[PDB]
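Below you'll find only one chain, the form solved without the partner chain, shown as structure tokens.
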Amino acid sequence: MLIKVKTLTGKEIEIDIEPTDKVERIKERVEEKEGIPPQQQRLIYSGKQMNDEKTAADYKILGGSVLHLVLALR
């Protein structure tokens, strides 16, 4: 399942995931291509901060779905 992860400055990245994949894995995919540690990532879908322990299916994510990535300093 190909989804988009968009940032405020406009750049997008395609991430391949599955309905059973946990949000933590999505962050790990972003880390693979961007080098941003999962702990510094905040993924938002439909105005909701995505929980690391939950799965893509819990947010009803489909092909083409756009997630929003923002930095969260720790």
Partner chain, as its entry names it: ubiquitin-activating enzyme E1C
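Only residues modelled in both forms are compared. Residue numbers count along the first chain shown, from 1. In this text, the rigid core denotes the largest set of C-alpha atoms whose superposition between the two forms falls within 1.5 Å.
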Averaging only over Cα atoms, indicate whether 61-69 or 20-28 has the higher B-factor in the PDB entry. 61-69
As stated in the PDB record, which stretch has the larger average Cα B-factor, 11-19 or 49-57? 11-19
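The next section is about a form of this same protein that is not shown, the form solved in complex with the partner chain.
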Using the partner position in the entry with it bound, report whether residue 72 sits within 4.5 Å of the partner chain, counting heavy atoms only. yes
Is residue 2 a contact residue for the partner chain in the entry with it bound, using a 4.5 Å heavy atom cut-off? no
Can you list the runs of 3 or more residues whose CA atoms move by 2 Å or more between this form and the one not shown, with the rigid core superposed? 7-10, 70-74
